[PDB]
Amino acid sequence: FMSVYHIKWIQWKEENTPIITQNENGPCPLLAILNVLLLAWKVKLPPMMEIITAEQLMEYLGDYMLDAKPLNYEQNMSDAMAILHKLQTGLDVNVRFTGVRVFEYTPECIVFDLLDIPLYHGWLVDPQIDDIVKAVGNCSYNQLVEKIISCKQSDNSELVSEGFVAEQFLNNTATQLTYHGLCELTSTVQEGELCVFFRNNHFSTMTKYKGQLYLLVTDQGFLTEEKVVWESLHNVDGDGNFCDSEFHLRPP
Ligand SMILES: [Cl-]
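Residues numbered from 1 in each chain as written, not as in the entry; some residues may be left out. Heavy atoms only, no water. Residues with missing side-chain atoms left out of burial classes, pairs and counts.

Novice: Help me out: how do you make sense of the sheet that holds strand β3 (residues 51-53) in this one?
Specialist: To summarise the sheet geometry, strands pair through backbone hydrogen bonds and adopt either a parallel or an antiparallel arrangement. Pairing in this open sheet of three strands is antiparallel, and the strands run β2-β1-β3 from one edge to the other. Each of the sheet's edge strands pairs with one partner strand only, and the pair in question is β2 (15-20) and β3. Ignoring which end each strand starts from, the neighbouring axes of this sheet average 40 degrees apart. Judged from the six bridges that link them, strand β1 (residues 4-12) and β2 form a sheet pairing that is antiparallel. From the neighbouring strand, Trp12 faces β2, where its bridge partner is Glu15. On the sheet, helix α1 (residues 29-39) packs against β1 and β2 and is oriented at approximately 175 degrees with respect to β2. Contacting β1, β2 and β3, helix α2 (residues 54-67) crosses the sheet at an angle of about 80 degrees to β3. (Pairing = 2+ DSSP bridges. Helix = DSSP H or I, 4+ residues; strand = E, 2+ residues; numbered from the N terminus. Axes fitted to C-alpha atoms, helices over the stretch in contact; angles between N-to-C directions. Contact = heavy atoms within 4.5 Å.)

Pasting the structure below:
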């Protein structure tokens, strides 16, 4: 399977900087990870370049690992390279609902750790609602759907309660971003940090500028719109504000 991606050239901190736009693959982890490294100027593309294969994207990412090498790192780099192909053949990312950096460990955590790129989500139980805090506890998404099923079958009333309360949480927060998650993300990401944001099995490049969270606009529809670079993340539901590469509102 050969995939081709269109490169958008933007002015990022007053320097000519490429971003990879999504094709049929959509907002896959590979684009979100690459775009962090391109914006950080840790990977440079040829100034010509308009188009790039998934294969070349992979070569660039693996070359960046051998170049950023500073015996066991060899194993980890090799394991990361094998795992790196899962970044195109599905990533099973499993959040916990207790913190913006908390996920169930899967071997793909090897890639983010070796690349030293932070991974975040904002699917967070509101700590002010005690029955949800207790019902969800430390569950991963996958553990909670299992807990719901087990707990509804229980002869113990309390456990049947936690089951229904956990189901209510999943139904009511099905967008996979909560207001509390958005607040914890905003205060946790540092000014100018480049990072990956996980929501609804989609990966986005995220930054913070003057206290405000933005997602990099990767949608193919905006390839020639130089003034659409960032989208504000300021609410759980509805569209953010489209901004240029300097975070100013795109004129209507
Ligand atoms: Cl800036």
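Novice: I would appreciate a short explanation of helix α6 (residues 141-152) in the present structure.
Specialist: An α-helical segment advances 3.6 residues per turn. Residues three or four places apart therefore align on the same side. Taking 1.5 Å of rise per residue, twelve residues should cover 16 Å, and α6 covers 17 Å from first to last C-alpha, within 8% of that figure. Along its buried surface, α6 packs onto α5 (130-136) and α7 (157-172). (Expected span 1.5 Å × (residues − 1).)

Novice: For this particular structure, what's the right way to read the domain arrangement of the chain?
Specialist: Often, the extent of an interface is quoted as the loss of accessible area on bringing the components together. According to the domain assignment, the chain consists of domain 1 (4-122 + 191-242) and domain 2 (130-172). Averaged C-alpha coordinates put domain 1 and domain 2 at centres separated by 33 Å. The partner domain 2 presents eleven residues to the seven residues of domain 1 that form the contact. Carbon and sulfur atoms supply 53% of the area buried between domain 1 and domain 2, which totals about 640 Å² over both sides. The tally of links from domain 1 across to domain 2 stands at zero salt bridges. Seen at the junction of domain 1 and domain 2, the total is seven residue pairs in polar contact. A per-class count over the side of domain 1 that touches domain 2 returns two nonpolar, two polar and three charged. (Domains from an automatic or database assignment. Buried area = accessible area lost by both parts, 1.4 Å probe. Salt bridge = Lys/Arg side-chain N within 4 Å of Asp/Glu carboxyl O. Polar contact = N/O pair within 3.5 Å; in protein donor to acceptor, adjacent residues only side chain to side chain. Nonpolar A, V, L, I, M, F, W, Y, C, P; charged D, E, K, R; others polar.)

Novice: Sorry, what's going on with the pattern of salt bridges here?
Specialist: Charged atoms that come close allow side chains of opposite charge to pair. A full pass over the atoms with the stated rule returns two salt bridges. Among the salt bridges present, the one from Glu167 reaches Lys152, with a minimum N-O distance of 2.7 Å. With a gap of 15 residues between them, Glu167 in helix α7 and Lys152 in helix α6 connect regions that are remote in the sequence. Residue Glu167 is classed as partly exposed on the basis of its relative accessible area, which comes to 28%. Residue class for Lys152 comes out partly exposed when judged on its relative accessible area of 33%. (Buried < 20%, exposed > 50% of the residue type's maximum accessible area, 1.4 Å probe, protein only.)

Novice: Whenever I open this one, the environment of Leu213 confuses me. Can you help?
Specialist: Mapped onto the secondary structure, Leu213 falls in strand β7 (residues 212-216). On the basis of relative accessibility, which here comes to 0%, the residue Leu213 falls in the buried class. Along the sequence, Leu213 and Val236 sit 23 residues apart, while their C-alpha atoms lie 12 Å from each other. With residues up to four places along the chain from it excluded, the contact list for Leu213 reads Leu182, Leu185, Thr186, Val189, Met206, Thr207, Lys208, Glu231, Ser232 and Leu233.

Novice: Honestly, the nonpolar core in this entry has me stumped. Any pointers?
Specialist: Nonpolar side chains tend to gather and get buried jointly when the protein is soluble and globular. In terms of nonpolar packing, the biggest core is built from 62 residues, with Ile20, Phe97, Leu144, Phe169, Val196 and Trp230 touching the most fellow members. In terms of residues, this core owes the most to one element, α1, which gives nine residues. Taken domain by domain, the makeup of this core includes at least three residues from each of domain 1 (4-122 + 191-242) and domain 2 (130-172). Core analysis: the second largest hydrophobic core is formed by 13 residues, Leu124, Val189, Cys195 and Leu233 among them. (Core = buried A, V, L, I, M, F, W, Y, C linked by side-chain atoms within 4.5 Å.)

Novice: So what exactly am I meant to see when it comes to the packing of aromatic side chains here?
Specialist: Given two aromatic rings, their pairing is described by the distance between the two centres and the angle made by the two planes. In this structure the tally under the stated criterion is eleven aromatic pairs. Between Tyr209 and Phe247, the ring centres sit 4.5 Å apart and the planes meet at 10 degrees, which makes this aromatic pair stacked. Pair noted here: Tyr209 is in strand β6 (residues 202-209) and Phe247 is in the segment after β9 (242-243), with a separation of 38 residues, a long-range link. Classification of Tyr209 by relative accessible area gives partly exposed; the value is 33%. The structure contains a cluster of three or more aromatic residues connected by ring pairs, namely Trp12, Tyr209, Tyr214, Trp230 and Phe247. Residue placement shows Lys13 over the ring face of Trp41; its charged tip is 5.0 Å from the ring centre. (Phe/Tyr/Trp six-rings, centres within 6.5 Å; stacked < 30°, edge-to-face > 60°. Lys NZ or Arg CZ within 6 Å of the ring centre and 35° of its normal.)

Novice: Whenever I open this one, the environment of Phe247 confuses me. Can you help?
Specialist: Given a relative accessible area of 10%, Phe247 falls into the buried group. The spatial distance from the C-alpha of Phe247 to the C-alpha of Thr218 is 15 Å, given a sequence separation of 29 residues. Excluding anything up to four places from it in sequence, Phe247 contacts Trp12, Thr207, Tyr209, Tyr214 and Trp230.

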